[PDB]
>>> print(open('structure.pdb').read())   # PDB, C-alpha atoms and all ligand atoms
ATOM      1  CA  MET A   1       0.000   0.000   0.000  1.00  0.00           C
ATOM      2  CA  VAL A   2       1.109   3.503  -0.883  1.00  0.00           C
ATOM      3  CA  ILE A   3      -0.110   6.049   1.674  1.00  0.00           C
ATOM      4  CA  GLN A   4      -1.536   9.304   0.374  1.00  0.00           C
ATOM      5  CA  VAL A   5      -0.306  12.211   2.565  1.00  0.00           C
ATOM      6  CA  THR A   6      -2.192  15.429   2.182  1.00  0.00           C
ATOM      7  CA  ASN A   7      -0.580  17.801   4.773  1.00  0.00           C
ATOM      8  CA  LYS A   8       2.842  18.767   6.209  1.00  0.00           C
ATOM      9  CA  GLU A   9       1.992  17.929   9.812  1.00  0.00           C
ATOM     10  CA  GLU A  10       1.232  14.308   8.977  1.00  0.00           C
ATOM     11  CA  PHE A  11       4.180  14.146   6.583  1.00  0.00           C
ATOM     12  CA  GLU A  12       6.623  15.228   9.331  1.00  0.00           C
ATOM     13  CA  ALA A  13       5.043  12.959  11.913  1.00  0.00           C
ATOM     14  CA  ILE A  14       5.553   9.953   9.609  1.00  0.00           C
ATOM     15  CA  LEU A  15       9.223  10.829   8.958  1.00  0.00           C
ATOM     16  CA  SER A  16      10.136  11.432  12.604  1.00  0.00           C
ATOM     17  CA  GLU A  17       8.268   8.380  13.932  1.00  0.00           C
ATOM     18  CA  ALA A  18       9.102   5.681  11.376  1.00  0.00           C
ATOM     19  CA  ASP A  19      11.540   2.923  12.236  1.00  0.00           C
ATOM     20  CA  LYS A  20      11.408   1.577   8.680  1.00  0.00           C
ATOM     21  CA  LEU A  21      12.862   3.192   5.592  1.00  0.00           C
ATOM     22  CA  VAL A  22      10.390   5.776   4.245  1.00  0.00           C
ATOM     23  CA  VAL A  23      10.218   6.286   0.471  1.00  0.00           C
ATOM     24  CA  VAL A  24       8.268   9.353  -0.738  1.00  0.00           C
ATOM     25  CA  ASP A  25       6.974   9.808  -4.299  1.00  0.00           C
ATOM     26  CA  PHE A  26       6.660  13.567  -4.905  1.00  0.00           C
ATOM     27  CA  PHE A  27       4.411  13.738  -7.963  1.00  0.00           C
ATOM     28  CA  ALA A  28       2.053  16.048  -9.841  1.00  0.00           C
ATOM     29  CA  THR A  29      -1.255  15.364 -11.573  1.00  0.00           C
ATOM     30  CA  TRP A  30       0.053  16.937 -14.803  1.00  0.00           C
ATOM     31  CA  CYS A  31       3.210  14.821 -14.893  1.00  0.00           C
ATOM     32  CA  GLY A  32       3.398  12.108 -17.519  1.00  0.00           C
ATOM     33  CA  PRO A  33       6.261  10.032 -16.062  1.00  0.00           C
ATOM     34  CA  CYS A  34       4.508  10.134 -12.683  1.00  0.00           C
ATOM     35  CA  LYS A  35       1.620   8.186 -14.224  1.00  0.00           C
ATOM     36  CA  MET A  36       4.005   5.661 -15.754  1.00  0.00           C
ATOM     37  CA  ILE A  37       5.707   4.838 -12.511  1.00  0.00           C
ATOM     38  CA  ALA A  38       2.693   5.000 -10.182  1.00  0.00           C
ATOM     39  CA  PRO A  39       1.663   1.336 -10.725  1.00  0.00           C
ATOM     40  CA  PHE A  40       5.257   0.219 -10.236  1.00  0.00           C
ATOM     41  CA  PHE A  41       5.460   2.129  -6.946  1.00  0.00           C
ATOM     42  CA  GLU A  42       2.249   0.362  -5.911  1.00  0.00           C
ATOM     43  CA  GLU A  43       3.784  -3.055  -6.749  1.00  0.00           C
ATOM     44  CA  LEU A  44       6.886  -2.272  -4.764  1.00  0.00           C
ATOM     45  CA  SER A  45       4.747  -1.282  -1.815  1.00  0.00           C
ATOM     46  CA  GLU A  46       3.119  -4.709  -1.841  1.00  0.00           C
ATOM     47  CA  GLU A  47       6.421  -6.561  -2.177  1.00  0.00           C
ATOM     48  CA  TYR A  48       8.394  -4.733   0.568  1.00  0.00           C
ATOM     49  CA  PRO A  49       6.017  -3.686   3.374  1.00  0.00           C
ATOM     50  CA  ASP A  50       7.936  -5.341   6.213  1.00  0.00           C
ATOM     51  CA  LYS A  51      10.920  -3.026   5.819  1.00  0.00           C
ATOM     52  CA  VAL A  52       9.597   0.036   3.982  1.00  0.00           C
ATOM     53  CA  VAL A  53       6.852   2.646   4.281  1.00  0.00           C
ATOM     54  CA  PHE A  54       5.651   4.049   0.944  1.00  0.00           C
ATOM     55  CA  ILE A  55       4.188   7.537   0.747  1.00  0.00           C
ATOM     56  CA  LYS A  56       2.997   9.804  -2.078  1.00  0.00           C
ATOM     57  CA  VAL A  57       2.650  13.576  -1.949  1.00  0.00           C
ATOM     58  CA  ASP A  58       1.064  15.700  -4.661  1.00  0.00           C
ATOM     59  CA  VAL A  59       3.389  18.710  -4.793  1.00  0.00           C
ATOM     60  CA  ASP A  60       0.563  21.117  -5.759  1.00  0.00           C
ATOM     61  CA  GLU A  61      -1.699  19.894  -2.945  1.00  0.00           C
ATOM     62  CA  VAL A  62       1.088  19.970  -0.314  1.00  0.00           C
ATOM     63  CA  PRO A  63       3.257  22.806  -1.605  1.00  0.00           C
ATOM     64  CA  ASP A  64       4.882  23.596   1.721  1.00  0.00           C
ATOM     65  CA  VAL A  65       6.370  20.099   1.764  1.00  0.00           C
ATOM     66  CA  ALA A  66       7.471  20.344  -1.891  1.00  0.00           C
ATOM     67  CA  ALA A  67       9.196  23.640  -1.111  1.00  0.00           C
ATOM     68  CA  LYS A  68      10.827  22.473   2.115  1.00  0.00           C
ATOM     69  CA  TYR A  69      12.358  19.406   0.466  1.00  0.00           C
ATOM     70  CA  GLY A  70      13.618  21.325  -2.562  1.00  0.00           C
ATOM     71  CA  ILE A  71      11.648  19.511  -5.247  1.00  0.00           C
ATOM     72  CA  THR A  72      12.446  20.692  -8.761  1.00  0.00           C
ATOM     73  CA  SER A  73      11.136  17.966 -11.062  1.00  0.00           C
ATOM     74  CA  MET A  74       8.605  15.183 -10.911  1.00  0.00           C
ATOM     75  CA  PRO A  75       8.546  12.528 -10.002  1.00  0.00           C
ATOM     76  CA  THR A  76      11.244  12.739  -7.326  1.00  0.00           C
ATOM     77  CA  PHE A  77      11.671   9.912  -4.814  1.00  0.00           C
ATOM     78  CA  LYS A  78      13.203  10.808  -1.486  1.00  0.00           C
ATOM     79  CA  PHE A  79      14.448   8.193   0.968  1.00  0.00           C
ATOM     80  CA  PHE A  80      14.443   8.779   4.732  1.00  0.00           C
ATOM     81  CA  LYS A  81      15.833   6.767   7.651  1.00  0.00           C
ATOM     82  CA  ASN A  82      15.565   7.886  11.276  1.00  0.00           C
ATOM     83  CA  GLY A  83      14.194  11.249  10.120  1.00  0.00           C
ATOM     84  CA  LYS A  84      17.127  11.990   7.824  1.00  0.00           C
ATOM     85  CA  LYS A  85      17.380  11.925   4.042  1.00  0.00           C
ATOM     86  CA  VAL A  86      19.589   9.050   2.920  1.00  0.00           C
ATOM     87  CA  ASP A  87      19.050   9.132  -0.858  1.00  0.00           C
ATOM     88  CA  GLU A  88      16.977  10.495  -3.713  1.00  0.00           C
ATOM     89  CA  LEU A  89      16.109   9.610  -7.291  1.00  0.00           C
ATOM     90  CA  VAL A  90      15.020  12.285  -9.727  1.00  0.00           C
ATOM     91  CA  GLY A  91      12.761  10.975 -12.495  1.00  0.00           C
ATOM     92  CA  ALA A  92      10.871   7.776 -13.164  1.00  0.00           C
ATOM     93  CA  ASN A  93      13.587   5.208 -13.878  1.00  0.00           C
ATOM     94  CA  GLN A  94      12.074   1.983 -12.539  1.00  0.00           C
ATOM     95  CA  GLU A  95      15.316   0.055 -12.361  1.00  0.00           C
ATOM     96  CA  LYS A  96      17.043   2.708 -10.302  1.00  0.00           C
ATOM     97  CA  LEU A  97      14.051   3.115  -7.985  1.00  0.00           C
ATOM     98  CA  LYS A  98      13.900  -0.566  -7.116  1.00  0.00           C
ATOM     99  CA  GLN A  99      17.643  -0.755  -6.662  1.00  0.00           C
ATOM    100  CA  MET A 100      17.628   2.261  -4.326  1.00  0.00           C
ATOM    101  CA  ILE A 101      14.989   0.584  -2.177  1.00  0.00           C
ATOM    102  CA  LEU A 102      17.000  -2.664  -2.071  1.00  0.00           C
ATOM    103  CA  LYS A 103      20.106  -0.700  -1.112  1.00  0.00           C
ATOM    104  CA  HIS A 104      18.534   1.066   1.865  1.00  0.00           C
ATOM    105  CA  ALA A 105      16.247  -1.718   3.060  1.00  0.00           C
ATOM    106  CA  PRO A 106      18.452  -4.835   2.768  1.00  0.00           C
TER
HETATM  107 CL    CL B 201      20.917   3.693   4.447  1.00  0.00          CL
HETATM  108 MG    MG B 202      -4.657   3.730  -5.326  1.00  0.00          MG
HETATM  109 MG    MG B 203      -3.346  19.424  -9.983  1.00  0.00          MG
HETATM  110 NA    NA B 204       6.013   3.724  10.532  1.00  0.00          NA
HETATM  111 NA    NA B 205       3.515   1.463   2.812  1.00  0.00          NA
END
>>> encode(input="structure.pdb", output="structure tokens")
Amino acid sequence: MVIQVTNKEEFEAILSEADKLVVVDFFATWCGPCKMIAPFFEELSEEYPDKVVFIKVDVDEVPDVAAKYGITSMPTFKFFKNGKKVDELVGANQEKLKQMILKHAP
């Protein structure tokens, strides 16, 4: 399951409270590659739930989060562990996304 997060307060609560790796898909409704990778992100979320929390944030609906985390193109995947950013992938390359999850959630 990919969790839809619709406000900064809940976003920050998830990041500061999670023990698992958190992977965030920052996307937009007008973004073409976002639509391509969305079903793949859903599959990953079903394959790796024990070790990873999967979140999606619509940058135009939660702009304060998009601004705070310095988003400049969509989709961008940010990876957090213990409240701190440990990696990021800009764009919708499926191979690199899966590998980055495997790297940070062995
Ligand atoms: Cl790590
Ligand atoms: Mg859905
Ligand atoms: Mg929109
Ligand atoms: Na959690
Ligand atoms: Na999840």
>>> residues_around(input="structure.pdb", residues="residue 40 in chain A", least_positions_apart="3", cutoff="10 Å", atoms="all atoms listed in the file", output="compact mmCIF listing (two decimals) with C-alpha atoms, in the coordinates of the input")
# COMPACT_ATOMS: atom_id res chain seq x y z
CA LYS A 35 1.62 8.19 -14.22
CA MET A 36 4.00 5.66 -15.75
CA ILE A 37 5.71 4.84 -12.51
CA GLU A 43 3.78 -3.06 -6.75
CA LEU A 44 6.89 -2.27 -4.76
CA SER A 45 4.75 -1.28 -1.82
CA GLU A 46 3.12 -4.71 -1.84
CA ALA A 92 10.87 7.78 -13.16
CA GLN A 94 12.07 1.98 -12.54
CA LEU A 97 14.05 3.12 -7.98
CA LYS A 98 13.90 -0.57 -7.12
>>> residues_near_ligand(input="structure.pdb", ligand="ligand NA 204 (chain B)", cutoff="7 Å", atoms="only C-alpha atoms and all ligand atoms", output="ChimeraX atom specification")
/A:14,17-20,53
>>> resolve_selection(input="structure.pdb", expression="the PyMOL selection byres (((chain A and resi 4) around 9) and not hetatm)", output="list in words")
residues 2, 3, 5, 6, 54, 55, 56, 57 and 58 of chain A
>>> residues_near_ligand(input="structure.pdb", ligand="ligand CL 201 (chain B)", cutoff="9 Å", atoms="all atoms listed in the file", output="PyMOL selection string")
chain A and resi 21+79-81+85-87+103-105
>>> atom_distance(input="structure.pdb", atom1="CA of residue 78 in chain A", atom2="CA of residue 100 in chain A")
10.0 Å
>>> residues_around(input="structure.pdb", residues="residue 67 in chain A", least_positions_apart="5", cutoff="12 Å", atoms="only C-alpha atoms", output="MDAnalysis selection string")
chainID A and resid 8 26 58:62 72:73
>>> residues_near_ligand(input="structure.pdb", ligand="ligand MG 203 (chain B)", cutoff="7 Å", atoms="only C-alpha atoms and all ligand atoms", output="PyMOL selection string")
chain A and resi 28-30+60
>>> write_last_selection(input="structure.pdb", atoms="C-alpha atoms", output="CSV table (one decimal), in the frame of the given file")
chain,number,residue,atom,x,y,z
A,28,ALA,CA,2.1,16.0,-9.8
A,29,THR,CA,-1.3,15.4,-11.6
A,30,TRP,CA,0.1,16.9,-14.8
A,60,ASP,CA,0.6,21.1,-5.8
>>> atom_distance(input="structure.pdb", atom1="CA of residue 9 in chain A", atom2="CA of residue 101 in chain A")
24.8 Å
>>> closest_residue(input="structure.pdb", among="A:41, A:77, A:27, A:11", to="ligand MG 202 (chain B)", atoms="all atoms listed in the file")
A:41
>>> decode(input="structure.pdb", residues="range 24-106 of chain A", atoms="C-alpha atoms", output="tab-separated table (two decimals), in the first residue's frame")
chain	number	residue	atom	x	y	z
A	24	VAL	CA	8.27	9.35	-0.74
A	25	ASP	CA	6.97	9.81	-4.30
A	26	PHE	CA	6.66	13.57	-4.91
A	27	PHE	CA	4.41	13.74	-7.96
A	28	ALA	CA	2.05	16.05	-9.84
A	29	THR	CA	-1.25	15.36	-11.57
A	30	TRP	CA	0.05	16.94	-14.80
A	31	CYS	CA	3.21	14.82	-14.89
A	32	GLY	CA	3.40	12.11	-17.52
A	33	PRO	CA	6.26	10.03	-16.06
A	34	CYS	CA	4.51	10.13	-12.68
A	35	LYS	CA	1.62	8.19	-14.22
A	36	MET	CA	4.00	5.66	-15.75
A	37	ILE	CA	5.71	4.84	-12.51
A	38	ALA	CA	2.69	5.00	-10.18
A	39	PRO	CA	1.66	1.34	-10.72
A	40	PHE	CA	5.26	0.22	-10.24
A	41	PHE	CA	5.46	2.13	-6.95
A	42	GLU	CA	2.25	0.36	-5.91
A	43	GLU	CA	3.78	-3.05	-6.75
A	44	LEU	CA	6.89	-2.27	-4.76
A	45	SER	CA	4.75	-1.28	-1.81
A	46	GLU	CA	3.12	-4.71	-1.84
A	47	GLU	CA	6.42	-6.56	-2.18
A	48	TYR	CA	8.39	-4.73	0.57
A	49	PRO	CA	6.02	-3.69	3.37
A	50	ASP	CA	7.94	-5.34	6.21
A	51	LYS	CA	10.92	-3.03	5.82
A	52	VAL	CA	9.60	0.04	3.98
A	53	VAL	CA	6.85	2.65	4.28
A	54	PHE	CA	5.65	4.05	0.94
A	55	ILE	CA	4.19	7.54	0.75
A	56	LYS	CA	3.00	9.80	-2.08
A	57	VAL	CA	2.65	13.58	-1.95
A	58	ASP	CA	1.06	15.70	-4.66
A	59	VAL	CA	3.39	18.71	-4.79
A	60	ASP	CA	0.56	21.12	-5.76
A	61	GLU	CA	-1.70	19.89	-2.94
A	62	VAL	CA	1.09	19.97	-0.31
A	63	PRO	CA	3.26	22.81	-1.61
A	64	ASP	CA	4.88	23.60	1.72
A	65	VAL	CA	6.37	20.10	1.76
A	66	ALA	CA	7.47	20.34	-1.89
A	67	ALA	CA	9.20	23.64	-1.11
A	68	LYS	CA	10.83	22.47	2.11
A	69	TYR	CA	12.36	19.41	0.47
A	70	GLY	CA	13.62	21.33	-2.56
A	71	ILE	CA	11.65	19.51	-5.25
A	72	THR	CA	12.45	20.69	-8.76
A	73	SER	CA	11.14	17.97	-11.06
A	74	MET	CA	8.61	15.18	-10.91
A	75	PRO	CA	8.55	12.53	-10.00
A	76	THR	CA	11.24	12.74	-7.33
A	77	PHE	CA	11.67	9.91	-4.81
A	78	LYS	CA	13.20	10.81	-1.49
A	79	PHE	CA	14.45	8.19	0.97
A	80	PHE	CA	14.44	8.78	4.73
A	81	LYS	CA	15.83	6.77	7.65
A	82	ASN	CA	15.56	7.89	11.28
A	83	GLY	CA	14.19	11.25	10.12
A	84	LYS	CA	17.13	11.99	7.82
A	85	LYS	CA	17.38	11.93	4.04
A	86	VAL	CA	19.59	9.05	2.92
A	87	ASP	CA	19.05	9.13	-0.86
A	88	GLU	CA	16.98	10.49	-3.71
A	89	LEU	CA	16.11	9.61	-7.29
A	90	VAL	CA	15.02	12.29	-9.73
A	91	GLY	CA	12.76	10.98	-12.49
A	92	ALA	CA	10.87	7.78	-13.16
A	93	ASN	CA	13.59	5.21	-13.88
A	94	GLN	CA	12.07	1.98	-12.54
A	95	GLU	CA	15.32	0.06	-12.36
A	96	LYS	CA	17.04	2.71	-10.30
A	97	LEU	CA	14.05	3.12	-7.98
A	98	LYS	CA	13.90	-0.57	-7.12
A	99	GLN	CA	17.64	-0.75	-6.66
A	100	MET	CA	17.63	2.26	-4.33
A	101	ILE	CA	14.99	0.58	-2.18
A	102	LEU	CA	17.00	-2.66	-2.07
A	103	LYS	CA	20.11	-0.70	-1.11
A	104	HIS	CA	18.53	1.07	1.87
A	105	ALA	CA	16.25	-1.72	3.06
A	106	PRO	CA	18.45	-4.84	2.77
